[PDB]
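S.K.: A structural model of the following input is requested.
(chains A and B, ligands or ions: 12)
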Amino acid sequence: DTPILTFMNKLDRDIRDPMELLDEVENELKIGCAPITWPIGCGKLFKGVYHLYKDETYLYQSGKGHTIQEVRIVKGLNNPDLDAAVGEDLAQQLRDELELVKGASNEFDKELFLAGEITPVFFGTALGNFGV
RNA sequence: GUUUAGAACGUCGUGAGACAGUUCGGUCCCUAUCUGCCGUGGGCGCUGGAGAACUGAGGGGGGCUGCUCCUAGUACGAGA
Ligand SMILES: Nc1nc2c(ncn2[C@@H]2O[C@H](COP(=O)(O)OP(=O)(O)CP(=O)(O)O)[C@@H](O)[C@H]2O)c(=O)[nH]1
Ligand SMILES: [Mg+2]
Ligand SMILES: [Mg+2]
Ligand SMILES: [Mg+2]
Ligand SMILES: [Mg+2]
Ligand SMILES: [Mg+2]
Ligand SMILES: [Mg+2]
Ligand SMILES: [Mg+2]
Ligand SMILES: [Mg+2]
Ligand SMILES: [Mg+2]
Ligand SMILES: [Mg+2]
Ligand SMILES: [Mg+2]
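M.R.: Numbering: from 1, shown residues only, chains lettered A, B, ... in the order given. Ligands and ions are numbered 1, 2, ... in the order given. The structure is reproduced below:
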């Protein structure tokens, strides 16, 4: 019963719709999950990640995966600067995706983590040096 | 290179000589009349004469392409 905290690697290339991916994890291999970061669209249009507990959002520039890049933050969910920085292409999907996952999934508590019933995730991309 | 006159080899003929056999040497002229083409002028015309600036029927010129980087090690692919 060691603790475990997954990390959805290889987010640059077209992924399965992440929500069923989370459900497939927390039911096929019974561990139960609770995300910490949610990605703003995937593939050719993966733009940034939205932290859930820092309540901000980051941005990702491709082809920089050989040095630590500087973070650009658009802090605040409903801040219209985001909808002008990602676009209603994905923001309007982000809002209801969050409000569909927060209600229907679990939250994070360290003590339950240190027994193996809740594992937080962290989305990101290894070649993009982004989620690490 | 072939295709004259000199000379030697192999082969053929008694011989002069001969061989799409080989080998060394060996005189290549022309001031452009007409058509054609490239440039550049004189005459007359265009409806009184002269100095400039245009329009544009038409015609010609030009049109080649390699490596590198971003998108991206993405789509595709079990991987390479
Ligand atoms: N775009 C992208 N590709 C990735 C990323 N991480 C891994 N890959 C893919 O996987 C390759 C590297 O695989 P690697 O992480 O070394 O695998 P491994 O687990 O060591 C292989 P083994 O199971 O034998 O130990 C890359 O060349 C690429 O094709 C990532 O963050 N982004
Ligand atoms: Mg001759
Ligand atoms: Mg002779
Ligand atoms: Mg001589
Ligand atoms: Mg003469
Ligand atoms: Mg004639
Ligand atoms: Mg002539
Ligand atoms: Mg002429
Ligand atoms: Mg002239
Ligand atoms: Mg004239
Ligand atoms: Mg014309
Ligand atoms: Mg022409």
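S.K.: what comes up buried for the longest helix along chain A?
M.R.: When chain A is scanned for its longest helix (criterion: DSSP state H), the result is helix A:91-104. Of all the residues in helix A:91-104, those buried under the rule 16 or more other CB atoms under 10 Å are A:91, A:94, A:97, A:101. Using the backbone N, CA and C atoms, a C-beta is placed for each residue, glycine as well.
S.K.: and that helix, what other elements does it pack with?
M.R.: helix A:18-28, strand A:37-39, helix A:80-85 (3 or more CB pairs under 8 Å, 6 or more residues apart in numbering; DSSP states H and E).
S.K.: now the ones you listed in CSV, with mean neighbour count and distance to residue A:122?
M.R.: Formatted as CSV, these follow (neighbours: other CB atoms under 10 Å; distance: least, CB to CB, whole Å):
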stretch, mean neighbour count, distance to residue A:122
helix A:18-28, 14, 12
strand A:37-39, 21, 5
helix A:80-85, 14, 20
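S.K.: Ligand 1 is nearest to which of those?
M.R.: With distances scored as CB to the nearest ligand atom, the stretch of the helices and strands packed on helix A:91-104 nearest to ligand 1 is strand A:37-39 (13.2 Å).
S.K.: wait, does the helix or strand following the closest one contact ligand 1?
M.R.: Sequence order places strand A:49-51 as the next helix or strand after strand A:37-39, per DSSP states H and E. No. Applying CB under 6 Å from any ligand atom, one finds strand A:49-51 separated from ligand 1 by no less than 13.9 Å.
S.K.: Just name whatever secondary elements strand A:49-51 is in contact with.
M.R.: Taking 3+ CB pairs under 8 Å, 6+ apart as the contact cut, strand A:49-51 packs with strand A:37-39.
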